[PDB]
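S.K.: Sharing a structure with you now.
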Number of protein chains: 2
Amino acid sequence: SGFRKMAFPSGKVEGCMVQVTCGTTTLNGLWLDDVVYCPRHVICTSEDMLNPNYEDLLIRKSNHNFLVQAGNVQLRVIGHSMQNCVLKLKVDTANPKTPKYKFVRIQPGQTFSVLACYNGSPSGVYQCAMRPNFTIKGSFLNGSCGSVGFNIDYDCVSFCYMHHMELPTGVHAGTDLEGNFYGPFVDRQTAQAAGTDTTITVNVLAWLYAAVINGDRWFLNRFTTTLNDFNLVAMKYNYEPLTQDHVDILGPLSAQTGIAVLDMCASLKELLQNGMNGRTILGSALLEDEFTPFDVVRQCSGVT
Amino acid sequence: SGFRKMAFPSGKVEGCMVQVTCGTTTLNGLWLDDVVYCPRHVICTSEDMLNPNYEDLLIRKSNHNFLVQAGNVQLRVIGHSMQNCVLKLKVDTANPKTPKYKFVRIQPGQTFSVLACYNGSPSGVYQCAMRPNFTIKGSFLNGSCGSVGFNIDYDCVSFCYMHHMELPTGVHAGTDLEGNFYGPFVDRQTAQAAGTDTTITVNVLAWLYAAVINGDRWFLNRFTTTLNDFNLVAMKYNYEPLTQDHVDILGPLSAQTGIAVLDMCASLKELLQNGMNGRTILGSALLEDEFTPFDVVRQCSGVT
Ligand SMILES: CS(=O)(=O)NCCc1ccccc1
Ligand SMILES: CS(=O)(=O)NCCc1ccccc1
Ligand SMILES: [Cl-]
Ligand SMILES: [Cl-]
């Protein structure tokens, strides 16, 4: 029993982290097979970051300008290319610790683990969601750029995020491993406001299911609702609209607890309209939205 | 910027997890050098768990009865001994992935990471505190026994916890790696109630410091207090008493933010007496107590 915000075991990713230095700028890179991936702004001075033309800056950079250190050992750079907002540095040595991996672009609402790194060395691991405004709420200090987000299916690491940026509001923006920003963000020291950080409704519902399973029952009410009625309340409370695709995904949690999805929606509706009245659910005083239905099934079944 | 509940990178510990089977019971063991550590109740049937005499049960167990599997490879058991509530199985092969390690008995209020494991395979990592009643609030299903809690100082893993038990209230009890239970708990299927789960005051204060650093300011008030006045309010709210040792430990956070510890105490006092009024601090609607002062310094400075 018990339900915790849980990250993937990070070992497989720890084995991929390197330090990348280009001039005076040091950040992290991801070493998979014989390629190091890092944010392209490794080539920039803080002065370059105002209006950087990256192709122009990269003309002044050769293979030997990129310093790649894995542990306390230098890697030989034998090729470099820009892909979107990432540099792919080819090195003359395959990472002997390359796990099975995929690059995946996630959707808003999807959760992933972050291995926070400084100088190619892991400091910590935490669980995040891609927010509906394509920001993440991370923990990232200077030097943390190139720290990655990932999911693991048994032995295959799916890399979904690389850290590039803090917005002036202190939320985080980054790319997939093809170097494509989540959301409208660009890697420039310029005005970039996030949109509405709405609540991930399907995730709240999953976590209410996790609560019931784990014995937190008090919020269960006498009501049901419809998707249309629930969505009117969702809109008012800056909750993402619930679709039948979300209902479908919650099916296994519904089946276990014998609580129909629409009934759990009616209990969420009452929680939105009446608040917690100083009560807690799985040790939270607010409705948690960084557990997917898949996360809840995984944790409550014990997949490894 | 940003402040997250962060676990230690788990790789070094993942390299130590094995499966231990004794008869029909499978749980996890920790393989350090040429010793496997596991909960002694590996020898028990659920029928044995009612009033187990462990020395008597262990007479019916030889080296070959303990099945130790590291990955998909069997280890040869060449010796076994009971230490308190743990079995130490000597194996004929040092764990080639043994990190630098210490066994440490932590105090209530101290935080640690848990690598949740099933059949010797890691499922997840999360951050816990030893509660003042010597329980932890974990995420542990059947098969998770022998999952360990740890801190890391650079390259040295300090092992502080091994998982043994769920209490009927669904909170968790276990041992240090010398097999000594935290708190009064025993490894028996019997009546065991936890005491008062008080709030770890020094940890709340640290997290209020983390909040200020990260730009959450709204709760800062116009008041100060004394340890004696604060402690009267603490008592009423089932907060641990604050000592001058706690004040001393918060010194570095006080110095950074130029907020005297007693001033932060006065702001905590007002939060206890007036509530959050529907507001949040570092995305929490309640006062978080699972960050130590050391955790806050580590995360806010970026130790690796
Ligand atoms: C090259 S640096 O040392 O000055 N750091 C870059 C951080 C940054 C990334 C994207 C946009 C704004 C800033
Ligand atoms: C030996 S088992 O399969 O039945 N599981 C033991 C779990 C347990 C541990 C301590 C006290 C009560 C129960
Ligand atoms: Cl950086
Ligand atoms: Cl178990």
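Residue numbers start at 1 in each chain; chains themselves are named A, B, ... in the order of the structure tokens; ligands are numbered from 1 in the order shown.
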Could you name the residues that touch residue 63 of chain B at 10 Å or less, counting only C-alpha atoms, but leaving out those on the same chain fewer than 2 positions away, as a list in words?
M.R.: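 That gives residues 61, 65, 66, 67, 76, 77, 78, 79, 80, 81, 89, 90 and 91 of chain B.
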S.K.: Write as an MDAnalysis selection string the residues around ligand 4, taking 12 Å as the cut-off and counting only C-alpha atoms and all ligand atoms.
M.R.: (chainID A and resid 1 302) or (chainID B and resid 19:22 24:29 38:46 116:120 140:147 162:166 174)
S.K.: Keeping only N, CA and C atoms, write those residues as a compact mmCIF listing (two decimals), in the first residue's frame.
M.R.:
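Done, and the output landed in again_8.txt:
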# COMPACT_ATOMS: atom_id res chain seq x y z
N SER A 1 0.85 -1.22 0.00
CA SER A 1 0.00 0.00 0.00
C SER A 1 0.88 1.26 0.00
N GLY A 302 3.09 -2.83 -9.66
CA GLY A 302 4.52 -3.05 -9.31
C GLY A 302 5.37 -3.51 -10.49
N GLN B 19 17.42 -10.90 -6.07
CA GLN B 19 16.24 -11.65 -5.63
C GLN B 19 16.71 -12.70 -4.63
N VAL B 20 16.00 -12.82 -3.52
CA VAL B 20 16.25 -13.88 -2.51
C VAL B 20 14.97 -14.71 -2.41
N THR B 21 15.07 -16.00 -2.61
CA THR B 21 13.93 -16.94 -2.44
C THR B 21 14.34 -17.93 -1.36
N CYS B 22 13.47 -18.15 -0.38
CA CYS B 22 13.62 -19.23 0.64
C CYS B 22 12.29 -19.99 0.74
N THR B 24 8.93 -20.72 -0.67
CA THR B 24 7.87 -20.14 -1.54
C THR B 24 7.90 -18.60 -1.44
N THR B 25 8.70 -18.06 -0.52
CA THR B 25 8.78 -16.60 -0.24
C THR B 25 9.91 -16.02 -1.08
N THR B 26 9.60 -15.04 -1.93
CA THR B 26 10.59 -14.24 -2.70
C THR B 26 10.52 -12.78 -2.25
N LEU B 27 11.68 -12.17 -2.01
CA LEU B 27 11.79 -10.72 -1.73
C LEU B 27 13.17 -10.27 -2.22
N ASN B 28 13.56 -9.05 -1.89
CA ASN B 28 14.78 -8.43 -2.46
C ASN B 28 15.88 -8.56 -1.42
N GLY B 29 17.10 -8.60 -1.89
CA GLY B 29 18.29 -8.53 -1.05
C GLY B 29 19.25 -7.49 -1.57
N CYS B 38 19.05 -9.27 3.61
CA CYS B 38 17.60 -9.38 3.34
C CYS B 38 16.85 -9.51 4.67
N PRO B 39 15.54 -9.18 4.68
CA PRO B 39 14.72 -9.35 5.88
C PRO B 39 14.73 -10.85 6.24
N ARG B 40 14.90 -11.15 7.52
CA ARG B 40 14.99 -12.54 8.02
C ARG B 40 13.69 -13.28 7.73
N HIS B 41 12.55 -12.58 7.61
CA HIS B 41 11.23 -13.25 7.43
C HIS B 41 11.15 -13.86 6.02
N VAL B 42 12.22 -13.78 5.23
CA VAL B 42 12.35 -14.57 3.97
C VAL B 42 12.15 -16.06 4.28
N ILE B 43 12.47 -16.50 5.50
CA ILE B 43 12.42 -17.95 5.88
C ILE B 43 10.98 -18.37 6.21
N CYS B 44 10.04 -17.43 6.28
CA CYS B 44 8.70 -17.68 6.87
C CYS B 44 7.64 -17.94 5.80
N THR B 45 6.69 -18.79 6.15
CA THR B 45 5.35 -18.92 5.51
C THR B 45 4.44 -17.90 6.19
N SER B 46 3.43 -17.35 5.51
CA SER B 46 2.44 -16.42 6.11
C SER B 46 1.91 -17.02 7.43
N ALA B 116 12.32 1.24 -4.71
CA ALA B 116 11.30 0.17 -4.70
C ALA B 116 11.68 -0.90 -5.73
N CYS B 117 11.74 -2.14 -5.27
CA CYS B 117 12.14 -3.35 -6.03
C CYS B 117 11.14 -4.47 -5.83
N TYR B 118 10.99 -5.28 -6.89
CA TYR B 118 10.19 -6.53 -6.94
C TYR B 118 11.01 -7.59 -7.68
N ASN B 119 11.21 -8.76 -7.05
CA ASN B 119 12.05 -9.86 -7.61
C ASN B 119 13.45 -9.35 -7.96
N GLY B 120 14.02 -8.46 -7.14
CA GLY B 120 15.41 -7.99 -7.32
C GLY B 120 15.55 -6.95 -8.41
N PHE B 140 4.86 0.48 -1.26
CA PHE B 140 5.41 -0.90 -1.15
C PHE B 140 4.32 -1.94 -1.34
N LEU B 141 4.39 -2.74 -2.40
CA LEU B 141 3.43 -3.85 -2.64
C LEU B 141 4.07 -5.15 -2.13
N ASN B 142 3.33 -6.27 -2.11
CA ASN B 142 3.90 -7.60 -1.77
C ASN B 142 5.08 -7.84 -2.73
N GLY B 143 6.20 -8.32 -2.19
CA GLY B 143 7.41 -8.61 -2.96
C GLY B 143 8.42 -7.50 -2.80
N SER B 144 8.04 -6.36 -2.20
CA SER B 144 8.90 -5.15 -2.10
C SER B 144 9.81 -5.24 -0.88
N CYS B 145 9.55 -6.14 0.05
CA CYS B 145 10.44 -6.32 1.22
C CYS B 145 11.89 -6.49 0.75
N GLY B 146 12.80 -5.84 1.46
CA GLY B 146 14.24 -5.87 1.20
C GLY B 146 14.67 -4.75 0.29
N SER B 147 13.72 -3.96 -0.26
CA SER B 147 13.97 -2.65 -0.91
C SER B 147 14.63 -1.73 0.14
N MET B 162 15.93 -0.71 5.41
CA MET B 162 15.49 -1.88 4.63
C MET B 162 14.03 -2.10 4.98
N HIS B 163 13.21 -2.33 3.96
CA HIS B 163 11.75 -2.47 4.10
C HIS B 163 11.38 -3.87 4.59
N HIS B 164 10.57 -3.95 5.65
CA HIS B 164 10.12 -5.24 6.26
C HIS B 164 8.60 -5.41 6.27
N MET B 165 7.82 -4.33 6.44
CA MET B 165 6.44 -4.43 7.00
C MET B 165 5.53 -3.31 6.50
N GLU B 166 4.25 -3.62 6.27
CA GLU B 166 3.14 -2.64 6.33
C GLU B 166 2.36 -2.84 7.64
N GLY B 174 10.60 -0.69 9.06
CA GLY B 174 11.74 -1.48 8.62
C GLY B 174 12.90 -1.26 9.51
S.K.: So, with only C-alpha atoms and all ligand atoms as the atoms that count, which of A:104, A:75, A:213, A:167 lies closest to ligand 1?
M.R.: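 Among A:104, A:75, A:213, A:167, it is A:167 that comes nearest to ligand 1.
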S.K.: Using only C-alpha atoms, which protein or nucleic acid residues come within 9 Å of residue 180 of chain B? Drop anything in the same chain fewer than 3 positions from it, and give the result as a list in words.
M.R.: residues 83, 84, 85, 86, 105, 174, 175, 176, 177 and 183 of chain B
S.K.: If you keep N, CA, C and O atoms, can you produce a file of those selected residues as an mmCIF file, in the first residue's frame?
M.R.:
data_model
loop_
_atom_site.group_PDB
_atom_site.id
_atom_site.type_symbol
_atom_site.label_atom_id
_atom_site.label_comp_id
_atom_site.auth_asym_id
_atom_site.auth_seq_id
_atom_site.Cartn_x
_atom_site.Cartn_y
_atom_site.Cartn_z
ATOM 1 N N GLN B 83 21.533 -11.351 11.849
ATOM 2 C CA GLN B 83 21.919 -10.150 12.628
ATOM 3 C C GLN B 83 20.643 -9.368 12.923
ATOM 4 O O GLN B 83 20.106 -8.747 11.988
ATOM 5 N N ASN B 84 20.141 -9.468 14.154
ATOM 6 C CA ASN B 84 18.913 -8.750 14.572
ATOM 7 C C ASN B 84 17.766 -9.253 13.679
ATOM 8 O O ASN B 84 17.455 -10.458 13.759
ATOM 9 N N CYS B 85 17.189 -8.409 12.821
ATOM 10 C CA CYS B 85 16.089 -8.816 11.912
ATOM 11 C C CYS B 85 16.558 -9.021 10.466
ATOM 12 O O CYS B 85 15.692 -9.302 9.626
ATOM 13 N N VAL B 86 17.864 -9.008 10.182
ATOM 14 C CA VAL B 86 18.357 -9.298 8.802
ATOM 15 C C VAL B 86 19.130 -10.620 8.769
ATOM 16 O O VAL B 86 19.725 -11.022 9.799
ATOM 17 N N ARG B 105 22.341 4.415 10.907
ATOM 18 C CA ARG B 105 21.021 4.483 11.553
ATOM 19 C C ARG B 105 20.654 5.956 11.600
ATOM 20 O O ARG B 105 21.362 6.729 12.274
ATOM 21 N N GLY B 174 10.601 -0.687 9.056
ATOM 22 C CA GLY B 174 11.743 -1.482 8.623
ATOM 23 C C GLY B 174 12.901 -1.257 9.511
ATOM 24 O O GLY B 174 12.728 -0.610 10.544
ATOM 25 N N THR B 175 14.064 -1.773 9.063
ATOM 26 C CA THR B 175 15.273 -1.791 9.880
ATOM 27 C C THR B 175 16.348 -0.891 9.253
ATOM 28 O O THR B 175 16.260 -0.542 8.085
ATOM 29 N N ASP B 176 17.358 -0.597 10.040
ATOM 30 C CA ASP B 176 18.681 -0.211 9.500
ATOM 31 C C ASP B 176 19.342 -1.463 8.890
ATOM 32 O O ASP B 176 18.735 -2.581 8.964
ATOM 33 N N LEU B 177 20.544 -1.336 8.314
ATOM 34 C CA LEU B 177 21.196 -2.536 7.699
ATOM 35 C C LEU B 177 21.888 -3.462 8.731
ATOM 36 O O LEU B 177 22.468 -4.468 8.309
ATOM 37 N N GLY B 183 12.002 2.394 15.594
ATOM 38 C CA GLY B 183 10.797 2.415 16.445
ATOM 39 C C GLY B 183 10.574 1.064 17.133
ATOM 40 O O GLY B 183 11.452 0.210 17.131
#
S.K.: How would chain B read as a compact mmCIF listing (two decimals) with C-alpha atoms, in the first residue's frame once least-squares superposed on chain A using all paired C-alpha atoms?
M.R.:
# COMPACT_ATOMS: atom_id res chain seq x y z
CA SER B 1 0.00 0.00 0.00
CA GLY B 2 0.93 3.71 -0.20
CA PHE B 3 1.19 5.87 -3.32
CA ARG B 4 4.28 8.05 -3.94
CA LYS B 5 5.44 10.41 -6.67
CA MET B 6 7.91 7.90 -8.13
CA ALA B 7 10.67 8.36 -10.76
CA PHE B 8 12.10 5.62 -12.96
CA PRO B 9 15.31 4.08 -11.62
CA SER B 10 17.91 6.42 -13.20
CA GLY B 11 20.97 4.07 -13.56
CA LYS B 12 20.58 3.44 -17.30
CA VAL B 13 20.49 7.25 -17.93
CA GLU B 14 23.29 8.01 -15.41
CA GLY B 15 25.48 5.82 -17.71
CA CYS B 16 24.74 8.25 -20.62
CA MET B 17 25.58 11.61 -19.03
CA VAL B 18 28.68 13.54 -20.16
CA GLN B 19 30.03 17.06 -19.74
CA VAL B 20 30.13 19.21 -22.92
CA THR B 21 32.27 22.39 -22.90
CA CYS B 22 32.41 24.81 -25.89
CA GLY B 23 34.63 27.82 -24.97
CA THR B 24 33.54 29.04 -21.47
CA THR B 25 30.05 27.35 -21.52
CA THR B 26 29.73 23.92 -19.79
CA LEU B 27 26.47 21.88 -19.76
CA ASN B 28 25.43 18.20 -19.97
CA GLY B 29 25.22 15.92 -22.99
CA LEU B 30 23.57 12.58 -23.56
CA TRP B 31 25.96 9.88 -24.94
CA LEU B 32 24.03 7.15 -26.84
CA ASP B 33 26.07 4.77 -29.06
CA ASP B 34 28.72 7.02 -30.76
CA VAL B 35 26.65 10.31 -30.62
CA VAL B 36 26.55 13.00 -27.87
CA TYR B 37 23.34 15.12 -27.83
CA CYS B 38 23.39 18.58 -26.15
CA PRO B 39 21.56 21.94 -26.40
CA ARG B 40 23.03 23.88 -29.39
CA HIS B 41 23.40 27.02 -27.15
CA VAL B 42 26.56 25.27 -25.76
CA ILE B 43 28.29 27.35 -28.55
CA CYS B 44 26.99 30.69 -27.11
CA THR B 45 28.28 33.40 -24.75
CA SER B 46 25.49 35.01 -22.58
CA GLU B 47 26.09 37.98 -25.02
CA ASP B 48 25.33 35.62 -28.00
CA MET B 49 22.01 34.59 -26.25
CA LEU B 50 20.30 38.00 -26.98
CA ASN B 51 19.75 37.29 -30.75
CA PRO B 52 21.84 34.17 -31.58
CA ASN B 53 22.15 33.11 -35.25
CA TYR B 54 23.22 29.49 -34.52
CA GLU B 55 24.35 28.45 -38.06
CA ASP B 56 26.56 31.62 -38.11
CA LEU B 57 27.97 30.92 -34.59
CA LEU B 58 28.57 27.23 -35.57
CA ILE B 59 30.76 28.26 -38.62
CA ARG B 60 33.34 29.41 -35.96
CA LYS B 61 33.25 25.92 -34.28
CA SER B 62 35.18 22.75 -35.30
CA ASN B 63 35.10 19.14 -33.90
CA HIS B 64 38.06 19.92 -31.51
CA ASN B 65 36.21 23.01 -30.04
CA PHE B 66 33.59 20.67 -28.43
CA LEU B 67 35.17 19.16 -25.26
CA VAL B 68 33.29 15.96 -24.24
CA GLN B 69 34.25 14.35 -20.89
CA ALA B 70 32.70 11.00 -19.77
CA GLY B 71 33.69 10.46 -16.13
CA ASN B 72 37.23 11.97 -15.91
CA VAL B 73 38.07 10.72 -19.49
CA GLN B 74 37.96 12.86 -22.71
CA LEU B 75 36.07 11.57 -25.83
CA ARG B 76 37.40 12.35 -29.37
CA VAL B 77 34.85 14.37 -31.44
CA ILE B 78 35.06 13.14 -35.11
CA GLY B 79 31.94 14.99 -36.41
CA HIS B 80 29.20 17.51 -35.41
CA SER B 81 25.83 18.54 -36.87
CA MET B 82 22.94 20.75 -35.74
CA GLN B 83 19.49 19.05 -35.64
CA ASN B 84 16.84 21.72 -34.84
CA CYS B 85 17.97 23.00 -31.36
CA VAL B 86 20.41 20.10 -30.53
CA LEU B 87 24.03 19.39 -31.52
CA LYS B 88 24.85 15.75 -32.35
CA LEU B 89 28.60 15.33 -31.65
CA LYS B 90 29.88 12.07 -33.23
CA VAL B 91 32.62 10.54 -30.99
CA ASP B 92 35.11 7.77 -32.02
CA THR B 93 33.79 5.48 -29.18
CA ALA B 94 30.29 3.99 -28.70
CA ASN B 95 29.07 4.52 -25.12
CA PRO B 96 29.70 1.01 -23.70
CA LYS B 97 26.71 1.68 -21.31
CA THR B 98 24.21 2.57 -24.10
CA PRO B 99 20.86 1.07 -22.99
CA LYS B 100 18.11 0.12 -25.43
CA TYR B 101 16.50 3.51 -26.24
CA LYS B 102 13.95 5.40 -28.37
CA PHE B 103 13.46 9.15 -28.96
CA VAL B 104 9.75 9.99 -28.32
CA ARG B 105 7.95 13.36 -28.53
CA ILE B 106 5.40 13.26 -25.69
CA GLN B 107 2.01 15.02 -25.51
CA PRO B 108 0.97 17.47 -22.80
CA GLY B 109 -0.21 15.57 -19.70
CA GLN B 110 2.44 12.83 -20.13
CA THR B 111 4.77 12.32 -17.14
CA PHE B 112 8.51 11.49 -17.25
CA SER B 113 11.51 11.31 -14.93
CA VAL B 114 14.30 13.98 -15.03
CA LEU B 115 17.86 13.18 -14.04
CA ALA B 116 19.12 16.64 -12.98
CA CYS B 117 22.86 16.86 -13.87
CA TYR B 118 25.70 19.40 -13.39
CA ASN B 119 29.06 18.97 -15.26
CA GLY B 120 27.84 15.57 -16.59
CA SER B 121 27.25 14.30 -12.99
CA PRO B 122 23.78 13.36 -11.70
CA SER B 123 22.53 15.33 -8.64
CA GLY B 124 18.96 13.94 -8.45
CA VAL B 125 15.89 12.36 -10.05
CA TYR B 126 12.28 13.58 -9.93
CA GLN B 127 8.99 12.98 -11.77
CA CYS B 128 7.52 15.78 -14.01
CA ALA B 129 4.57 16.19 -16.40
CA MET B 130 4.61 18.10 -19.74
CA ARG B 131 2.16 20.93 -18.72
CA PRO B 132 -0.73 21.77 -21.15
CA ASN B 133 1.16 25.03 -21.93
CA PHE B 134 4.28 22.88 -22.93
CA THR B 135 6.31 23.99 -19.93
CA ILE B 136 7.54 21.71 -17.16
CA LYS B 137 7.96 22.66 -13.53
CA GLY B 138 11.47 21.41 -12.86
CA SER B 139 14.37 21.95 -10.51
CA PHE B 140 17.20 23.31 -12.74
CA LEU B 141 20.16 25.56 -11.73
CA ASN B 142 22.82 27.05 -14.12
CA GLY B 143 24.81 24.12 -15.59
CA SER B 144 21.70 21.82 -15.67
CA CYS B 145 21.04 22.36 -19.41
CA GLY B 146 21.22 19.05 -21.33
CA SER B 147 19.71 17.10 -18.35
CA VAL B 148 17.14 14.75 -19.95
CA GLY B 149 13.61 13.46 -19.30
CA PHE B 150 12.79 9.80 -19.93
CA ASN B 151 10.40 6.89 -19.45
CA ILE B 152 11.53 3.23 -19.14
CA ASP B 153 9.60 0.18 -20.51
CA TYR B 154 11.39 -2.80 -18.77
CA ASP B 155 14.87 -2.28 -20.39
CA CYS B 156 14.16 0.37 -23.13
CA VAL B 157 14.71 4.07 -22.14
CA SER B 158 12.37 6.42 -24.09
CA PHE B 159 14.01 9.89 -24.07
CA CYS B 160 11.35 12.63 -24.39
CA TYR B 161 12.99 15.84 -23.02
CA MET B 162 16.23 17.75 -22.94
CA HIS B 163 16.47 20.85 -20.72
CA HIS B 164 17.32 24.18 -22.50
CA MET B 165 15.73 27.16 -20.68
CA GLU B 166 14.16 28.87 -17.64
CA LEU B 167 11.40 31.41 -18.59
CA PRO B 168 11.43 34.67 -16.52
CA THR B 169 8.52 33.11 -14.46
CA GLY B 170 10.93 30.28 -13.41
CA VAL B 171 9.15 27.44 -15.32
CA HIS B 172 11.18 25.31 -17.74
CA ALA B 173 11.27 24.76 -21.51
CA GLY B 174 13.16 22.25 -23.62
CA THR B 175 13.21 19.98 -26.62
CA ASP B 176 12.61 16.38 -27.60
CA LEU B 177 15.87 14.56 -28.60
CA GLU B 178 15.31 15.66 -32.28
CA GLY B 179 15.90 19.20 -30.88
CA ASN B 180 12.26 20.37 -31.39
CA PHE B 181 10.99 22.64 -28.57
CA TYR B 182 7.85 21.59 -26.74
CA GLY B 183 5.49 24.54 -27.27
CA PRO B 184 6.32 27.87 -29.03
CA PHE B 185 9.57 28.50 -27.08
CA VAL B 186 12.92 29.36 -28.78
CA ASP B 187 16.48 29.19 -27.29
CA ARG B 188 16.94 33.01 -27.07
CA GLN B 189 17.23 35.48 -24.10
CA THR B 190 13.95 37.21 -25.16
CA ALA B 191 10.33 37.79 -23.93
CA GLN B 192 8.59 34.36 -23.66
CA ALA B 193 5.40 34.07 -21.55
CA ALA B 194 3.74 30.68 -20.93
CA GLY B 195 0.03 30.24 -21.60
CA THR B 196 -2.55 29.00 -19.06
CA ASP B 197 -1.20 26.19 -16.91
CA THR B 198 -4.46 24.17 -16.82
CA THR B 199 -4.89 21.03 -14.67
CA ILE B 200 -4.48 17.62 -16.40
CA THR B 201 -8.02 16.28 -15.72
CA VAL B 202 -7.34 12.64 -16.78
CA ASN B 203 -4.33 12.60 -14.38
CA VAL B 204 -6.38 13.96 -11.43
CA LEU B 205 -8.97 11.21 -12.09
CA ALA B 206 -6.22 8.53 -12.18
CA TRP B 207 -4.86 9.84 -8.87
CA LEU B 208 -8.39 9.82 -7.32
CA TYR B 209 -8.52 6.13 -8.43
CA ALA B 210 -5.05 5.60 -6.76
CA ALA B 211 -6.49 7.23 -3.60
CA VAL B 212 -9.56 4.92 -3.46
CA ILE B 213 -7.32 1.82 -4.03
CA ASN B 214 -5.04 3.02 -1.14
CA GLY B 215 -8.02 3.57 1.22
CA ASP B 216 -8.68 7.35 0.87
CA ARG B 217 -12.51 7.24 0.37
CA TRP B 218 -13.92 10.41 2.06
CA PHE B 219 -14.28 12.43 -1.22
CA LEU B 220 -16.44 9.73 -2.93
CA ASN B 221 -19.96 11.26 -3.36
CA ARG B 222 -23.53 10.15 -4.25
CA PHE B 223 -23.47 11.77 -7.75
CA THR B 224 -22.61 10.98 -11.37
CA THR B 225 -22.35 13.42 -14.28
CA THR B 226 -21.93 13.46 -18.10
CA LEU B 227 -18.78 14.46 -20.08
CA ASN B 228 -20.61 17.66 -21.22
CA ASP B 229 -21.74 18.64 -17.68
CA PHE B 230 -18.33 17.78 -16.17
CA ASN B 231 -16.52 19.79 -18.93
CA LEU B 232 -18.59 22.99 -18.10
CA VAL B 233 -17.20 22.73 -14.51
CA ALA B 234 -13.71 21.77 -15.87
CA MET B 235 -13.64 24.92 -18.11
CA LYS B 236 -14.62 27.16 -15.14
CA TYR B 237 -11.77 25.67 -13.03
CA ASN B 238 -9.04 25.77 -15.80
CA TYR B 239 -9.11 21.95 -16.06
CA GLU B 240 -8.40 20.38 -19.48
CA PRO B 241 -11.54 19.12 -21.24
CA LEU B 242 -12.17 15.36 -20.66
CA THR B 243 -12.67 13.31 -23.86
CA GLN B 244 -13.96 9.78 -24.39
CA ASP B 245 -10.27 8.88 -25.16
CA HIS B 246 -9.50 9.89 -21.50
CA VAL B 247 -12.55 7.84 -20.26
CA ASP B 248 -11.26 4.82 -22.29
CA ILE B 249 -7.75 5.10 -20.76
CA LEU B 250 -9.24 5.15 -17.19
CA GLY B 251 -11.22 1.92 -17.94
CA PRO B 252 -8.80 -0.42 -16.05
CA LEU B 253 -8.91 1.78 -12.87
CA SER B 254 -12.77 1.96 -13.13
CA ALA B 255 -12.92 -1.88 -13.42
CA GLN B 256 -10.68 -2.48 -10.32
CA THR B 257 -12.56 -0.08 -7.96
CA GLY B 258 -16.02 -0.64 -9.53
CA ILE B 259 -16.30 3.20 -9.70
CA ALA B 260 -17.57 4.27 -13.18
CA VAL B 261 -15.38 7.04 -14.69
CA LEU B 262 -18.37 9.47 -14.82
CA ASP B 263 -19.04 8.84 -11.07
CA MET B 264 -15.37 9.70 -10.30
CA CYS B 265 -15.91 12.80 -12.53
CA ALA B 266 -18.92 13.78 -10.36
CA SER B 267 -16.74 13.42 -7.20
CA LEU B 268 -14.00 15.59 -8.83
CA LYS B 269 -16.73 18.14 -9.74
CA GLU B 270 -17.85 18.32 -6.04
CA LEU B 271 -14.15 18.67 -4.95
CA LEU B 272 -13.71 21.60 -7.38
CA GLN B 273 -17.00 23.26 -6.24
CA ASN B 274 -16.64 22.56 -2.45
CA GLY B 275 -12.82 22.36 -1.97
CA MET B 276 -11.01 19.93 0.41
CA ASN B 277 -12.43 21.70 3.55
CA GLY B 278 -8.90 21.27 5.09
CA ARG B 279 -8.79 17.51 4.33
CA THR B 280 -6.07 15.64 2.33
CA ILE B 281 -6.00 12.90 -0.37
CA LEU B 282 -2.87 10.73 -0.50
CA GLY B 283 -1.18 13.35 1.75
CA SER B 284 -1.97 16.19 -0.72
CA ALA B 285 -4.16 19.26 0.07
CA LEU B 286 -4.59 19.87 -3.66
CA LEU B 287 -5.63 17.62 -6.57
CA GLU B 288 -2.44 16.05 -8.03
CA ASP B 289 -2.24 15.93 -11.84
CA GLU B 290 1.32 14.49 -12.41
CA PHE B 291 0.22 10.78 -12.38
CA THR B 292 -1.02 9.31 -15.70
CA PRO B 293 -3.51 6.43 -15.69
CA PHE B 294 -0.50 4.28 -16.83
CA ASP B 295 1.56 5.61 -13.84
CA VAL B 296 -1.25 4.60 -11.42
CA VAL B 297 -1.59 1.06 -12.91
CA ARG B 298 2.26 0.66 -12.96
CA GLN B 299 2.76 1.72 -9.30
CA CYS B 300 -0.35 -0.14 -7.98
CA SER B 301 0.70 -3.40 -9.83
CA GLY B 302 4.52 -3.05 -9.31
CA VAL B 303 5.93 -3.28 -12.91
CA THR B 304 9.81 -3.44 -12.93
S.K.: Pick out each residue of segment 15-157 of chain B that DSSP on the backbone tags as alpha helix (DSSP H); I need them as a list in words.
M.R.: residues 54, 55, 56, 57, 58 and 59 of chain B
